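First up is the structure itself, then whatever we jot down about it.
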Ligand SMILES: *[C@@H]1O[C@H](CO)[C@@H](O[C@@H]2O[C@H](CO)[C@@H](O[C@@H]3O[C@H](CO)[C@@H](O)[C@H](O[C@@H]4O[C@H](CO)[C@@H](O)[C@H](O)[C@@H]4O)[C@@H]3O)[C@H](O)[C@H]2NC(C)=O)[C@H](O)[C@H]1NC(C)=O
Ligand SMILES: *[C@@H]1O[C@H](CO)[C@@H](O[C@@H]2O[C@H](CO)[C@@H](O[C@@H]3O[C@H](CO)[C@@H](O)[C@H](O[C@@H]4O[C@H](CO)[C@@H](O)[C@H](O)[C@@H]4O)[C@@H]3O)[C@H](O)[C@H]2NC(C)=O)[C@H](O)[C@H]1NC(C)=O
Ligand SMILES: *[C@@H]1O[C@H](CO)[C@@H](O[C@@H]2O[C@H](CO)[C@@H](O)[C@H](O)[C@H]2NC(C)=O)[C@H](O)[C@H]1NC(C)=O
Ligand SMILES: *[C@@H]1O[C@H](CO)[C@@H](O[C@@H]2O[C@H](CO)[C@@H](O)[C@H](O)[C@H]2NC(C)=O)[C@H](O)[C@H]1NC(C)=O
Ligand SMILES: *[C@@H]1O[C@H](CO)[C@@H](O[C@@H]2O[C@H](CO)[C@@H](O)[C@H](O)[C@H]2NC(C)=O)[C@H](O)[C@H]1NC(C)=O
Ligand SMILES: *[C@@H]1O[C@H](CO)[C@@H](O[C@@H]2O[C@H](CO)[C@@H](O)[C@H](O)[C@H]2NC(C)=O)[C@H](O)[C@H]1NC(C)=O
Ligand SMILES: *[C@@H]1O[C@H](CO)[C@@H](O[C@@H]2O[C@H](CO)[C@@H](O)[C@H](O)[C@H]2NC(C)=O)[C@H](O)[C@H]1NC(C)=O
Ligand SMILES: *[C@@H]1O[C@H](CO)[C@@H](O[C@@H]2O[C@H](CO)[C@@H](O)[C@H](O)[C@H]2NC(C)=O)[C@H](O)[C@H]1NC(C)=O
Ligand SMILES: *[C@@H]1O[C@H](CO)[C@@H](O)[C@H](O)[C@H]1NC(C)=O
Ligand SMILES: *[C@@H]1O[C@H](CO)[C@@H](O)[C@H](O)[C@H]1NC(C)=O
Ligand SMILES: *[C@@H]1O[C@H](CO)[C@@H](O)[C@H](O)[C@H]1NC(C)=O
Ligand SMILES: *[C@@H]1O[C@H](CO)[C@@H](O)[C@H](O)[C@H]1NC(C)=O
Ligand SMILES: *[C@@H]1O[C@H](CO)[C@@H](O)[C@H](O)[C@H]1NC(C)=O
Ligand SMILES: *[C@@H]1O[C@H](CO)[C@@H](O)[C@H](O)[C@H]1NC(C)=O
Ligand SMILES: N[C@@H](Cn1oc(=O)[nH]c1=O)C(=O)O
Ligand SMILES: N[C@@H](Cn1oc(=O)[nH]c1=O)C(=O)O
Ligand SMILES: [Ca+2]
Ligand SMILES: [Ca+2]
Ligand SMILES: [Cl-]
Ligand SMILES: [Cl-]
Ligand SMILES: [Zn+2]
Ligand SMILES: [Zn+2]
Ligand SMILES: [Zn+2]
Ligand SMILES: [Zn+2]
């Protein structure tokens, strides 16, 4: 037969290993010739594998690159203007190895000099502690912050609003060196010369900074750089912990407020400002000369037309561009997509086609702000909004070898639970056990016994435009470690190679195979199930949890809720209604005359448009491209999903607002929008007439 | 059989006459008890007629009413503060007759006194003439303007931006008294004591001023009045031409610039400012005391469930609220809807159901800014956007007895042409001829021989939210006179009665019957045709005409187009592509395996979503609720549709902009948005995979 099992069995660990090797021999930086050539290779191979059509979609978008003849670096400078210490101009390359040196993409140019302030992880609460409790002023200071806990662009935005004139980011061994494991090349730890590259823009979903709302095509009109979206106003640069030790060792001023501010280096972790008495006249000086330039990028888009519902799209997408070799990020995911394409193409050659159309994407410029996925979705938004069933992401397949990590819409919970019960666990000690069994044991749900944890979708990857802008049901799955938002030690460093993976992560490629089964199996069921595999009742369950949670946040302020008559009754009413209507729709879905394709499709359309109904066409406050009312990327950490974001942000730090009447008025406004949207979504599941 | 003919034959002129009499015996002002009672009557009758469900949908929205104990009026005041002339406190009621006196809905309160300036129709070009050519300054003046040519709210906005401190609107016999016909009650002309009521808000599609974007339900959070949408900042009041003569007769200052500024009254039509020497110390003083108040309104929503595609909605809607008796506006339309409901209910009782669901609406508060239709569409937007096939409006069926007047999307051109060829003409001298024949003869297309004129949709009625906000294919048809935007003489006056219609417009109710056939026939074909009756090729034809037209406007400025490299090539490319793709889609639509319901539906979905594809989720500049890129209400006249509005507005008066580089940059931006949107819409008609 040609069923899911036939699909799954075709997938081979050996093939994933060969593709991973093939994709990781040279760098594939966005906008470079090497990445265009890999695009053309993937396009050819997907054609050979059996897809009906495979095209390149290109765009001209703002990218950022160091100046090859004018390198970026940081100095300690003495009173006479002598640079007495300089940070590294490049990471020591690994054994046997156009490697872009470490930099912060989209940093403006500058050579600011000044006194350092150490700001821990540069989180909102870290800046609250500094400014409110310690009374330390960052204005005109250079801030130094350790990577970890939140997206780096949130750190830079926080530093800018605190008045900093520059930001230095570094990797502390506390966050990036696991006890008892060796530094690369002899283990998976970050060496002291290692550095994490990364974008520091805060685009809030806009895509190419120059063309928000519209694809960056040949005739696009572009904002002038001065009006560009999300560009930092202060220079930024990343360094390793050997270099950080040199900058931090002389720090004076106030001691760290407590131990959660101290990393693992042999330094006091004094907050500053500036250096201890003897060195009080030395300053820190950044030299940043990178340039932003409009550059062509290329997405590969493959189509396998559906036999019955060709106008319904199930999309599997992940990026192809890497900072350097991309041994984990993204090629461990791209190799998995490649093998999934190969397997579906093998069925197709034997005469099978999926029920619905499957689209496969190799996105470009993910590392520069999700630019390739976003521009393509801007170009195709009408098709996606009326035809998009689901989006399954496929960045790094492994970031560890402990257990599965799934983040997805509630609509896909049942699908994921069911599929993982049918798959074998790759884990040591769980042989002959299901993946559901090993996953639930290793990553228990905080709410339910005998259920695994599944997290919310925020941003930090290519699903963002599909889920947060367009309201297409989305999910992702990967293998992870036992530091959730911080990354594995070699993240975005030159050391992230094929050898790292083959030696230290997944020598048998069994975790890669397990992830290929989860991702491919989801795409299979979405594209082939007669009734779409979504359970609206799972949304009802989480909506009640989110409503209890936001209510509980508000109830920290009982006096104000009394004064301003702040009621959550409308929201709990809407949640109750959703729960009632979803229960009845599910009954009908099980009852409906199963011989009737129009009833089936009406019902499939109700299922497909349910995620769509949580979209507000006006967007969230000051974030027009985040339009989902139930989830958004956290305003404090793009990598984290936040629930009832519009109410959450209205409540955040509200006791500090100068006009409480206005602030609480806006809380009430957001409760109204949320209740209304929950009820309207419920009403899409009512009988249609 | 139960075919269109059975439907059409059931419709009776006699029934339309009886309902019209029934709906016009007492006033039905929005927000009053009499209008709630009529809502309940219609709800009961539609149930009796056979509809599956008939519900009231209510909302609490901002309305406006004179103060019953503190009447509005205007004075001429002498130097001592004596009011030597007062305008009327009410219109003399007609023979044999809670009549709200004449007022301008949403006028703020005030008692401004000052010198008059006469501004003709208060159009943009009239204010250009005053300020730029005549060098007359309206700042701190009271402006007096004749009704006609453009929506009254555009006049008030224009007066406000010119610095006026009040506006007096009046009906000139030039525009409202047809030569050779008697004043009411002895003919259809406006008597000198007659006055036209009407809303003067400029909401740009927002609906209830207090709740833009969300329905005005029980738990709605409301803007404070100071942040309300579209509220005028200066008092406004309407008067008849007896009263206007008294205000205009003493006018001094500059003479009218030319004859197009002179109406038909025996006065010089001097522009002012102020009165001629002898009366130079007399001023004009307004007294406006109306109040805005949140008030409950009621829509009646009837459903006739479709037999095959119940999740596809064809909507026939028109309003029920009137200023006074509503003998033409809206009851000549509401009586027609009532008879259409009755006819469809008669088929339904004999076992027939339409293929798709038909929804019937009796909207409330149209006269206060399209509030009932708009709030309902805000509440139901997700259902409408994913399921809405078409909207056919049904305000006044007759505004004359000369010929048909149709305004609609290009998608409905072929439907209208075909249907009118099948209908008998009611016209004198065209007996035994088709309606298409009499219409084409009396209202020839400016472009094509042997084709009738069909106009563009702007605003000025309840289709606005469906077409301009949501992108649902819409149309309207009525009988009209041989003054297009000015209204028939008795418009919004107490004299608009059942007797006006029965005596002077349509004694046999044959024009009403013809309109019932057009509106009902359209709904029939939309709700019952196996393939939706839309022709995408008709859109391709008009897009080329609109592109030629906007290009021709730009080419008034060749030097600037050279300097700023302003090219329309992308737009003509997109138009060419649309034309090519639509031609191929139409071939497939005629070719497709007609046994395949999924191919049919994919194709019906392509047809239904084509209007939807012209919607831009970011809206037009500073008008977020006008989202259609091909059409919008003119920024100078809400009643007029404008094509390529975003480019048109970018070009308008551009030679007066202080920063030409910026102004032309915005023209280029709008060309990019238009080209992109035309191409994206074209791509929805490509093969789906
Ligand atoms: C969850 O689903 C419920 C339906 O099962 C739905 O219930 C509706 O709730 C609304 C708002 O509470 C009810 O509104 C009332 O409507 C009646 C007429 O039917 C009005 O007479 C009444 O008017 C007022 O009473 C008010 C309250 O004191 C007062 O403020 C006014 O001035 C006036 O006197 C209300 O407007 C409605 O009838 C219910 N519909 C039903 C049962 O069919 C919930 O709204 C829904 N939850 C959400 C969040 O949508
Ligand atoms: C109407 O439909 C047409 C398809 O039939 C479609 O045609 C496309 O037009 C675009 C833009 O003109 C073409 O874009 C070129 O793409 C090639 C690769 O295929 C590029 O090499 C080329 O790159 C450049 O050449 C530029 C022009 O001088 C230059 O600016 C650049 O720096 C670079 O050298 C262009 O990007 C595309 O290939 C065509 N597609 C086809 C034939 O399939 C029209 O765009 C469409 N109209 C609209 C308004 O969409
Ligand atoms: C990655 O695999 C691809 C595809 O097998 C290799 O590209 C092929 O190489 C041969 C020999 O040079 C050429 O004749 C073909 O045209 C290529 N096929 C393509 C591009 O589809 C490529 O050599 C491999 N890369 C590495 C680093 O091993
Ligand atoms: C840090 O690098 C800087 C920049 O290259 C070095 O300073 C330069 O040294 C050369 C040779 O002595 C001078 O001629 C340049 O004028 C210097 N440029 C400056 C100061 O910007 C500096 O020596 C390096 N410091 C260390 C510790 O190696
Ligand atoms: C997950 O699998 C469960 C168990 O098979 C599915 O739930 C069953 O579905 C069938 C078909 O509707 C019903 O007859 C059973 O009553 C269900 N069992 C239950 C709810 O315990 C469920 O549909 C699957 N989820 C998917 C496919 O998304
Ligand atoms: C308009 O017609 C309606 C419906 O025929 C009339 O309302 C009915 O009047 C009778 C007699 O008073 C009542 O018993 C019914 O309850 C009413 N039916 C309804 C409300 O559906 C109404 O009288 C007519 N109005 C005028 C001005 O003639
Ligand atoms: C226009 O109406 C005003 C307002 O009613 C009249 O002025 C009032 O006249 C009474 C009786 O003489 C006075 O006691 C009030 O104090 C007046 N109120 C004012 C001036 O605001 C006025 O007489 C009317 N003019 C004409 C021509 O009839
Ligand atoms: C208007 O009527 C015309 C003439 O009947 C319809 O056009 C015909 O449609 C049939 C069915 O597709 C074709 O076989 C003929 O070739 C068409 N004749 C033409 C184009 O001259 C047209 O479809 C009708 N428009 C509607 C129903 O919207
Ligand atoms: C890179 O290095 C130097 C420094 O200005 C210069 O020659 C060149 O312009 C720079 N390249 C850029 C700005 O792209
Ligand atoms: C921080 O320091 C700078 C000193 O120039 C000042 O402008 C800013 O207002 C200070 N803020 C506080 C609260 O100390
Ligand atoms: C892979 O699994 C083993 C088992 O605990 C472990 O020793 C090793 O550290 C894991 N690799 C990584 C990179 O976590
Ligand atoms: C109407 O008339 C008078 C004038 O102020 C007053 O008694 C009453 O408040 C007014 N009613 C309103 C403002 O609704
Ligand atoms: C119009 O008149 C007022 C006089 O107070 C003035 O403020 C305004 O600027 C004038 N405009 C012109 C152009 O005369
Ligand atoms: C109705 O038709 C006749 C025919 O010309 C005309 O005399 C009369 O004025 C028309 N009624 C109206 C209101 O136009
Ligand atoms: N996955 C990336 C790219 N990045 O993710 C976003 O969401 N924005 C952005 O630049 C990274 O985390 O550095
Ligand atoms: N049809 C009306 C009501 N009016 O139409 C709008 O579009 N806005 C508005 O208030 C009138 O023209 O007075
Ligand atoms: Ca863009
Ligand atoms: Ca509203
Ligand atoms: Cl992922
Ligand atoms: Cl109408
Ligand atoms: Zn990645
Ligand atoms: Zn990455
Ligand atoms: Zn009307
Ligand atoms: Zn009206």
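Here Cβ is always computed from backbone atoms with ideal geometry, including for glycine, and neighbour counts include all displayed protein chains. Every number in this text was worked out from the coordinates using simple rules, so none of it is lab data.
Computed over every Cα-Cα pair of region A:534-689 and binned at 10 Å starting from 0, the pair-distance distribution P(r) comes out as 10, 37, 31, 15, 6, 1, 0 percent.
So if I take the alpha carbon set of region A:366-493, get Rg, then get Rh from the Kirkwood formula, what is the Rg over Rh ratio? Walk me through the numbers before you get to the answer.
Details: Rg = 16.0 Å, Rh = 16.0 Å.
Using only Cα positions, Rg/Rh for region A:366-493 is 1.00.
Here the spin labels are modelled as points 7 Å beyond Cα on the Cα-Cβ line, and at residue B:431 and residue A:658 they lie 8.1 nm apart.
Post the alpha-carbon centroid distance, region B:374-433 to region B:225-267, in whole angstrom. Each part's Cα centre sits 35 Å from the other's. Placing dummy labels 7 Å off each Cα toward the beta-carbon, the span from residue A:218 to residue A:594 is 5.2 nm. Distance from the C-alpha centroid of region A:601-617 to that of region A:521-552: 12 Å, rounded to the whole angstrom. Computed from the Cβ-Cβ distance with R0 of 30 Å, the FRET efficiency linking residue A:133 to residue A:503 stands at 0.05.
Mean per-residue shielding of peptide B:298-305 is 1, counting Cβ atoms of other chains within 10 Å of each Cβ. Along its first, second and third principal axes, ordered by size, chain A spans 86, 68, 57 Å in Cα coordinates. If you average the alpha carbon positions of region B:89-147 and of region B:485-513, how far apart do those two centres end up, in angstrom? Region B:89-147 and region B:485-513 have Cα centres spaced 26 Å from each other. Residues B:283, A:503 in ascending order of nearby Cβ atoms (within 10 Å, fewest first): A:503, B:283.
Hull surface divided by four, with the convex hull built on the Cα atoms of region A:423-531: how many nm²?
Details: hull surface 37.2 nm².
Projected area, direction-averaged: 9.3 nm².
Within 10 Å of each Cβ in peptide A:214-221, how many partner chain Cβ atoms are there on average? Round it to a whole number, please. List each step's numbers first, then the result.
Values: counts 9, 3, 0, 5, 2, 12, 6, 11.
Neighbouring Cβ atoms belonging to other protein chains average 6 per residue here.
For the protein assembly as shown, what does the helix formula give at 222 nm: sum of -39500 (n - 2.57) over DSSP H segments with n ≥ 4, over the residue count, nearest 500 deg cm²/dmol? For the protein assembly as shown, the value works out to -10500 deg cm²/dmol.
If r is the Cβ-Cβ distance from residue B:53 to residue B:83 and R0 is 56 Å, what FRET efficiency results, to the nearest 0.05? The calculated FRET efficiency here is 0.50. For peptide B:678-684, the mean count of partner chain Cβ atoms within 10 Å of a residue's Cβ comes to 3.
Assuming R0 = 30 Å, can you tell me the calculated FRET efficiency for the pair residue A:98 and residue A:481, based on Cβ-Cβ distance, to the nearest 0.05?
Efficiency at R0 = 30 Å is approximately 0.50.
Could you list log10 I(q)/I(0) for region B:282-347 at q = 0.15, 0.28 Å⁻¹, which the Debye formula gives when each Cα is one point scatterer? Computed log10 I(q)/I(0) values: -0.72, -1.28. What is the log10 of I(q)/I(0) for region B:67-288, computed with the Debye formula using one identical point scatterer on each Cα and no solvent, at q = 0.11, 0.13, 0.14 Å⁻¹? Evaluating at q = 0.11, 0.13, 0.14 Å⁻¹ gives log10 I(q)/I(0) of -0.56, -0.78, -0.89. Taking the square roots of 5 times each eigenvalue of the Cα gyration tensor of the protein assembly as shown, largest first, gives ellipsoid semi-axes of 61, 39, 28 Å.
Extending 7 Å from Cα along the Cβ direction at residue B:294 and again at residue B:418 yields two label points whose distance is 4.8 nm.
A point 7 Å from Cα along Cα→Cβ stands in for residue B:552, and the other copies hold the same point at 6.7 nm, listed in rising order. Put simply, when A:662-671, A:355-364, A:251-260 are sorted by average Cβ atoms within 10 angstrom per residue, most first, you get A:355-364, A:662-671, A:251-260.
How large is the translational diffusion coefficient of region B:1-112 in µm² per second when you combine the Kirkwood radius over alpha carbon pairs with Stokes-Einstein at 20 °C and 1.002 mPa s? It would help to have the intermediate numbers written out before the result.
Numbers: Rh = 18.9 Å.
The calculation lands on 113 µm²/s.
Residue exposure proxy: A:598, B:168, ordered by other Cβ atoms within 10 angstrom of their Cβ from fewest to most, comes out as A:598, B:168.
For region A:169-273, what does the alpha-carbon gyration tensor say about shape, rounded, prolate or oblate, given a ≥ b ≥ c as the root eigenvalues, a/c under 1.5 as rounded, and a/b over b/c as prolate? Write out the running numbers ahead of the final one.
Numbers: a/c = 3.34, a/b = 1.89, b/c = 1.77.
Prolate.
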